[PDB]
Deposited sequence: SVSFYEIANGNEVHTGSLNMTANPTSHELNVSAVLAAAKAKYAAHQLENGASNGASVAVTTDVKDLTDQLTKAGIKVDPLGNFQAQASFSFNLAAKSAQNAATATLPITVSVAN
């Protein structure tokens, strides 16, 4: 009964996607900018009586997801970007996940 939607237009989604640019000199991304891009684009709710549902994923959850995928993240949150990688957003009222695939211009 928890579903995700695109903020800009209100359409329900069951997968997500992001286009990002890495730093032009170091070719790095920061974990906190990936999470903020995701939460600027997607949100969650419960349908009717209907209400917003909190997205529980925080910056250390995302750091741990990436670390277990073989990606190395330094103490500042920076990591060398891949052309393609993914992570899950979680929401809890009833739990639900939104898989997000990221493409990086590098």
Compared with the full deposited sequence, the modelled chain skips 49 to 52, 98 to 101
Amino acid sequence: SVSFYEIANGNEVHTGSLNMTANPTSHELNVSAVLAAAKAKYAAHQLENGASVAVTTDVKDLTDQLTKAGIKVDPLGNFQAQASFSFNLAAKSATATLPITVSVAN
From here on, numbers count along this sequence of modelled residues.
Comparing 31 to 39 with 51 to 59, the higher average Cα temperature factor in the PDB entry belongs to 51 to 59
Once average C-alpha B-factors are taken from the entry for 77 to 85 and 22 to 30, the winner is 22 to 30
Scanning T15, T97, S93, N9 for peak Cα temperature factor in the entry gives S93
In terms of its chain's C-alpha B-factors, the third that includes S103 is the middle
Tertile call for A44 (CA temperature factor, within chain, third-based) is the lowest
